[PDB]
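Data first, discussion second: the structure below is written as structure tokens.
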Amino acid sequence: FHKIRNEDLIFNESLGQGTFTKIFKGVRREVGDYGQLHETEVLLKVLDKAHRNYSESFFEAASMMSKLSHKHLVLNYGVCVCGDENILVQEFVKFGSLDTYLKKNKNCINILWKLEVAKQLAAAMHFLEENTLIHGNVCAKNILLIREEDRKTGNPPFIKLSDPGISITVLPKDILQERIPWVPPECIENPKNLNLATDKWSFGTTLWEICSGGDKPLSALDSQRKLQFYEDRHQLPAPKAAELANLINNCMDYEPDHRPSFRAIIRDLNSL
Ligand SMILES: Nc1nc(Nc2ccc(S(N)(=O)=O)cc2)nn1C(=O)Nc1ccccc1
């Protein structure tokens, strides 16, 4: 990763929290192309000081994805490790995370919008699968909306997939349980079962989010009941707008070897 000076970063408003992280809008002063000076809007992800021992995982997450370049993967500018903080410096996406966008705009989001966003997320995951790179935390909060749909110009929305954060292979067990049903059943059994097939299951959970206007699946269940949901081999309920429900259930297959490839997933989506 490129090293960025603390002196060149300005922290502005808080944009919320992630797992053991705090998120801020900021500005980076930099010399750009042709030697021209720029002040660039950035997203700053800050690892909690009391959790500095997760920094290896925090940064290995961002590093692995940033060794590949793709139009549907978020751009990382570098890191700032000046002094006591661990900071990931990332492109600032105008419209933020998909989960809060769906909640605030669920009135004005139709099947064609959901299908376009689903196709774009599948394209990103197909790219990862072809490169045998595991993401490990596919979810609507980790989808960023670069551009809104503009029917007046026939422009579709455009999304990017963010970095996965601290791996489920090092997180506390109670956090993994709270992440049911994004974390697949085999990873609750053994977090070291993390595999390419992990991302197929979470992709299904994420489609459910996209179809449910920002609702969180199984949010009414506490962690003990989320565990028993998997023990009883239940599936999620079909969303009210059910056009994608069969694809959701096909992806959320309790047998990891039976989950469809992303090529097959893209073929399905192209049939609707
Ligand atoms: N790269 C990036 N850009 C933005 N932009 C943004 C814009 C507007 C809003 S708001 N509150 O006005 O709706 C919030 C955020 N967010 N972001 C990001 O990575 N978020 C994130 C993802 C996963 C976990 C934690 C944080």
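Atoms within a ligand are numbered from 1 in the order they appear, just like the ligands themselves. Scope of the values below: all heavy atoms of this structure, side chains included, with no hydrogens, waters or symmetry mates. We number each residue from 1, following the sequence as shown.
Residue nearest to atom 19 (O) of ligand 1, selected from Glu91, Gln17, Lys45: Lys45 (by heavy-atom distance). If you check each of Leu145, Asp99, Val93 against atom 4 (C) of ligand 1, the one with the closest non-hydrogen atom is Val93.
In this structure the side chain of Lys226 never reaches within 4.5 angstrom of the side chain of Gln177, judged on heavy atoms.
With ligand atoms numbered from 1 in the order given, ligand 1 contributes 19 (O) to contacts under 4.0 Å with heavy atoms of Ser162. For ligand 1, the atoms sitting less than 4.0 Å from at least one non-hydrogen atom of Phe92 are 3 (N), 5 (N), 6 (C), 7 (C), numbered in the order shown with element in parentheses. Numbered from 1 in the order shown, with element, the atoms of ligand 1 that lie under 4.0 Å from a heavy atom of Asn142 read 23 (C), 24 (C). Within ligand 1, the atoms closer than 4.0 Å to a non-hydrogen atom of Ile23 are 25 (C), 26 (C), numbered from 1 in the order shown. For ligand 1 and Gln90, the ligand atoms under 4.0 Å from any heavy atom of the residue are 1 (N), 19 (O).
The two residues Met125 and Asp199 have their closest heavy-atom pair at CE-CB, 3.6 Å.
Other residues, nucleotides and ligands contribute more than 12 heavy atoms inside 6.0 Å of the CG atom of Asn249.
Under 4.0 Å is where a charged nitrogen must lie from a carboxylate oxygen, and between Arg28 and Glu41 no such pair does.
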Item to complete: Show your reasoning for whether side chain to side chain donor-acceptor pair (under 3.5 Å) applies to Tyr101 and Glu148.
Response: CA-CA 10 Å; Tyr101 192 86; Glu148 294 190 286; 2.4 Å; yes
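Applying the side-chain contact (heavy atoms from CB on, under 4.5 Å) test between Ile210 and each of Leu115, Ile109, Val117, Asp99 identifies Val117 as the sole match.
Taking the six-membered ring for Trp and thresholds of 30 and 60 degrees, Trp201 and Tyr230 have ring planes more than 60 degrees apart, a perpendicular arrangement.
The part of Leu144 lying near ligand 1 is the side chain, judged by heavy-atom distances below 4.0 Å.
Within the structure, ligand 1 has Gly96 among the residues with a heavy atom less than 4.0 angstrom away.
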